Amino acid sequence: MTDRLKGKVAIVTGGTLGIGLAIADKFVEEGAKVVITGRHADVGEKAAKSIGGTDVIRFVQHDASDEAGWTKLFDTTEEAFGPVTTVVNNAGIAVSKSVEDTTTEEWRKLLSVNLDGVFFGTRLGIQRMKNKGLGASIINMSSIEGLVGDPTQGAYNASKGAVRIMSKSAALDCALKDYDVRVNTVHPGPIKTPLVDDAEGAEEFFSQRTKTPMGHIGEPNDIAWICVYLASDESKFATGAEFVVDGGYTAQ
């Protein structure tokens, strides 16, 4: 058969490791041109060619909280592959503190990436992709932590709940104005990534059946494939909705 992302041009923030890496990998596999971003250009450069050549994928150093860099990022992708059709706001960071124990510096730093960065990408994505008949799709990475609380992830919970509902606002406005832009959120449960790998004992803790009923954590390809569905015209009637891939975590 045929490529499910034929002619799509996608920005994937934080697309050099973990979930964002797999999203970029499967996007290219389905016919899309991809620009991945990340802060470490060393790590980011080798990540880009691990997927493919510069005719299908490229890396652009960019901090998702860099508002002005977002305009340059859209310009660079546009001159490389054509008008952007797909924005995956995946960059995010974690902070292992209860609300009580969160410093204001930790709070502000996490939210600048996890919330302001997603806002910058969604806002500019709408401005740059509306009214061009592109079948445009903005995919905002929330989490199961946008649906349930966690006593030791207070700031993260705030950021992911914000992404959850802000995305609905954007989806509604785009729909009511016939912008031809959809906005949806993805809510992964625990996924084996560097973020999880570097937290001591995280995978074993979240493999408890009282946490993930399947008794194991997921893999980055599990999130890649739902983003492929959401970037594709297969999902042209899906907007403002929450897509949960979590091993049953939130079902109990």
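From 1 onward, residues are counted along the sequence shown.
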Comparing 11 to 19 with 231 to 239, the one whose average Cα B-factor in the PDB entry is higher: 11 to 19
Going by the mean C-alpha B-factor recorded in the entry, which is higher: 164 to 172 or 109 to 117? 109 to 117
Highest Cα B-factor in the PDB entry belongs to which of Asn221, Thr212, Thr185, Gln61? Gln61
For the listed residues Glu100, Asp178, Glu78, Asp150, which one has the largest C-alpha B-factor as given in the deposited model? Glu78
Can you tell me which third, lowest, middle or highest, the CA B-factor of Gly133 falls into for its chain? highest
Using only modelled residues of the chain, where does the Cα B factor of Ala155 rank: lowest third, middle third or highest third? lowest
Considering only modelled residues of the same chain, in which third does the CA B-factor of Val84 rank: lowest, middle or highest? highest
Please place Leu124 in the lowest, middle or highest third of its chain by C-alpha B factor as given in the entry. middle
According to the PDB entry, is the CA B factor of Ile144 in the bottom, middle or top third of its chain, that is, lowest, middle or highest? lowest
